[PDB]
């Protein structure tokens, strides 16, 4: 099930208007409080006019609206289910502005929700853009609108949340498809559940940021229920999805052809493992005792060119195990892995002990010291996050998490780890004074300017529960070694939530739940727009444009020249991201040294070390002097 975030508004004095209604299926049947009566658009004798269909509510007074719900017809007939839709709010009934929510609802008879940031309104409008199976009609048995207790205007300068993207699944895993710019998401064998799986199938969904279109589709060709997997973009530009509910399977997502391709089975069955792309484009993985048995799961490495997995039994998992109260089931999960120089992988946590993993021969592991500061040795930080915000200088920011996977208090601990050569112990210091809010199950992304956006989670980790939620995101700014609270959102994003940086420089944050009959499934995502996209008046700033690039594919050490439409001061490459269960081993940022060729032409070198400039797809952002980024240009980095 799902739930509104507000409380139902009394409908006693509402005035409703529909684009059409069949006699006996009047517009006002959708607010009469009877599950067996419903509004329905014209059919039969009145013709069958196709969508868009529209339902407008005049609530007579201003309400602090934060959602609506739609109960489909309950007579076993599927006609009129709403598929693609938009929600608009107005204080006057004539200026509707842009949708507060839009997307697509799953094709079934369950109650559907649109939850969004509180906005004072008198008029609510639901537009059914398509019917869930493509037929011409729209029908609703009960429509409700919800309100928050209060309304606080967002503070200037702290970013903005919205719109909500309504989805047909709970997006517990997600990736950007770099060649198309679409967000690819998946849940499990069905839209909202993972238990009882038959295996061999995953429900996927995509959102196109340019068209707003949400679609869904099953994937069965790779015979893989991809819930609870490792995720890495390899050096061949394919997304490697490993294990989970089908613990030995490997599935490959190819952005260029928008298709899934079977991969070779892993040597060891795993779930909840992390995987990381290496400097040679191969993929390393270790741990993962959620599925496949609770035995010691040492490292193994995937080669995209030979299409094989090879066991690395001397890359031992034992040194990175946490002290989790639930034992091995949890203690080898969600490692903080970063591909680094000469085929090495750095393991930053969640265990106190940090390690170097090596992939030559049959593998190796060397202690890299403890994660610590002058404040002391950091405890285990399961479901903390780790983000490499400056790969050139080896800078990783880590934060949050809790000693145990579940039923454990989150920490405000945050650290800066500075990587040098593999096999040396990195310097670690505390980041500022820690997080404002202790959180676990939170998610994070590095932004074009090098700051890290941190969002969601809960103060005490209880999977399936939306208790002790943290609604205020934070941004870490490294040049000031300072955290800044941003404007809060209204939807809990704890266990099974994700965040990704979009090519347009906004943050896509979604998911949470995926627990079947629970009421805490979030079939949605929200956009966060950082302050760097706004001018001093709170309007969207004019953005610099990249008008030409000299190449779209470059070797490490290679040079690129671009043309812009205006002067630019700064530029960065951000590797495209993949996300599930707090893990994102694919994102990282390289600050670029620009040289000016005159005539708004600028050049830069991609770092020659492929341990820094990990092969795969990258976003090129340029920033003007006001700090406004372009949208990203896509660059493939090869080695």
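Numbering follows the first chain given and starts at 1.
For the pair 165 to 173 and 291 to 299, the record assigns the higher mean C-alpha temperature factor to 291 to 299. Relative to its counterpart among 387 to 395 and 457 to 465, 457 to 465 has the higher mean temperature factor, C-alpha atoms as listed in the PDB entry. Within the selection 136, 271, 510, 448, the deposited Cα B-factor values reach their highest point at 136. Of the candidates 255, 204, 567, 418, the PDB record gives 567 the highest C-alpha temperature factor. Sorting the modelled residues of the chain by their CA temperature factor places residue 622 in the middle third. In this PDB entry, the Cα temperature factor of residue 371 sits in the middle third of its chain's modelled residues.
Among all modelled residues in this chain, the alpha-carbon of residue 582 has a temperature factor (C-alpha) in the lowest third. Annotation for residue 548: C-alpha temperature factor in the highest third relative to the rest of the modelled chain, per the entry. When the CA B factors of the chain's modelled residues are split into thirds, the value for residue 341 lands in the lowest one.
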